[PDB]
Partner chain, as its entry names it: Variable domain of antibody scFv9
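A single chain comes next, written as C-alpha cells; it is the form solved without the partner chain.
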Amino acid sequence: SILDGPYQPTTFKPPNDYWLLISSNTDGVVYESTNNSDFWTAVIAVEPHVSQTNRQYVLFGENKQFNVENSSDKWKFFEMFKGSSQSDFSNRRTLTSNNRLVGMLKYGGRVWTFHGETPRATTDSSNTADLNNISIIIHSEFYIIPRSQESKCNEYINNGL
C-alpha cells in the first residue's frame, strides 16, 4: 500500500524520497530530528484554546522552556529550528491542523515539511549539506509514503486519514 503503517514510535535515519506522515496523539514533543551538523528541528504540539503558558520540553537532551499559546480551535504544531549546535531555537514554521498529522521528507539536499493551515497547508524546504545523516526520534505512530505519492500525503495532511 501507498500508505505504509502505522509504525510504532522509534528512532531512525529515514530513507530519502519518502514522506513520514506522523500522527500526533498528545501535546508535547512530536519528534526531534537532527544530523548534529547543520539541521535541528523539533516539533511541539499545543492543543486548542491554550492561553499563554510556560511549558518545558526536552529537545535533543536539553531542557527548554517556551511560553506557548494557541487561540485557535485547531491543534498547532510548532517547528523549533536551529542550524548549528551553538545557536538558539526559533519557531521557524507552524502547521495549524485539526487532522493532527505532520509531514517530513528528506529529498534532494533538503528537508521538506508541511506548514500553514489545513486544508490549505503547503510544503516548504530547508537546505542541508548533510541530508542522509539526519535522524529522527518519533514519539508517536507514523506512516511512510513514497514521494511519488506526495499528492496522497498532501490529502492526508490537509483532510485527515
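Residue numbers count along the first chain shown, from 1.
Only in words, not in the display: the form deposited with the partner chain bound, which the text now covers.
- With the partner left out here, the partner chain still marks one of 92-100, 111-119, 43-51, 29-37 in the deposited bound form; by a 4.5 Å heavy atom cut-off that stretch is 29-37.
- When the partner chain is considered in the deposited bound form, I144 lies well away from it, no heavy atom lying within 4.5 Å.
- In the deposited bound form, no heavy atom of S72 sits within 4.5 Å of the partner chain.
- In the deposited bound form, the partner chain sits beyond 4.5 Å of every heavy atom of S125.
- Among heavy atoms of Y107, none comes within 4.5 Å of the partner chain in the deposited bound form.
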